[PDB]
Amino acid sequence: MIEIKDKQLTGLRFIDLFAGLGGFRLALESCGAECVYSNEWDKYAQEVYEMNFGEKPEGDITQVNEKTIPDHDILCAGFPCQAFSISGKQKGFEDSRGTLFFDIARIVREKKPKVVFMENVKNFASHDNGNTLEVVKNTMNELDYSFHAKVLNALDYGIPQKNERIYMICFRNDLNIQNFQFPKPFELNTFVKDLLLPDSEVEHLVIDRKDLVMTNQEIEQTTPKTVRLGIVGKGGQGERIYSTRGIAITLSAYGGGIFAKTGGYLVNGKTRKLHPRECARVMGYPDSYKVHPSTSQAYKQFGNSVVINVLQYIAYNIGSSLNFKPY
């Protein structure tokens, strides 16, 4: 994550829904905002969240009386994506995990914050012939909010990640916000190789599969894209090896394959998956952030997470717009 000198969100309160690791919290706090509520029902996510912020998030949002939620200015919510991801079955709202957005609407309808900042996977934008995004848009409009949605690729904002997500920023209409803009892309100067840990700390992640098939030659020049170098097994998810001279493939929460949830990389002649600390780094997390003691849970958590830097630029722009109040 980057340092923010002009703290555009100073004096603003926000809630961290579907908190997870608290990526939205790191991003908004870096801009000066104060978190006044967090909700996360996963046992392990609650532990790491508490480990880093000192508080246990409240559980299952579907059972929380929205009236009990503290007053806040900005509602943050990177809601469940298994039901909308290109990698899943796409049952969308038909999925028991795909109706959480309506819980968000319920809370918005009651607390009416100034801003609603949501995040979901790229496919959410086109799922069900665009009907899914349209439903969210109309719901927010009904609630008297403007709706700004755009897919941003993390590689355009200083993080070597193919992470592509749809970001939705909603402003309560009475605020008459007309200058909100998504961050403009800038040149990537950091690549996977730059965030890797020393070899001595990741020897245990090195795997030598005799069914490894190098398909492409290693590149010597860094490039802002994923560069596949080979595969193991049939080359399915978690069975693809990439160049550290390129960018990291999207992390996943329930991913499989021998290089589960991170993908495989060619590092000094060896092939290995990423270390939880490396996952944290490719997601924009500071080294000061404490990962969960279970590597399996840590991989899952970062796989579900957001790229901090991207949320930082968005948060900064949200604040920039809320502060432009000329006479």
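Heads up: residue numbers just count along the shown sequence, starting at 1.
*asked:* If you take the mean CA temperature factor per stretch, which one wins between 38 to 46 and 56 to 64?
replied: Per the PDB entry, the higher value belongs to 56 to 64.
*asked:* Going by the mean C-alpha B-factor recorded in the entry, which is higher: 303 to 311 or 6 to 14?
replied: It is 6 to 14.
*Among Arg281, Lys261, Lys290, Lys270, where is the Cα temperature factor highest, going by the PDB entry?*
That would be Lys270, according to the entry.
*From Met118, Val151, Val108, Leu251, pick the one with the largest CA B-factor in the entry?*
Largest recorded C-alpha B-factor: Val108.
*Using the B-factor values recorded in the entry, state whether the Cα atom of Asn176 falls in the lowest, middle or highest third among the modelled residues of its chain.*
According to the entry, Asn176 has a C-alpha B-factor in the chain's highest third.
*Divide the modelled residues of the chain into thirds by Cα B-factor and specify which third, lowest, middle or highest, holds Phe84.*
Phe84: CA B-factor falls in the middle third of its chain.
_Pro286, C-alpha B-factor rank within chain (lowest, middle or highest third)_ = It falls in the bottom third of the chain.
*Among modelled residues of the same chain, the CA temperature factor third for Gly255*: Lowest third.
*Within this chain, which third does the Cα B-factor at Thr226 fall in: lowest, middle or highest?*
As the PDB entry reports it, the C-alpha B-factor of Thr226 lands in the middle third of its chain.
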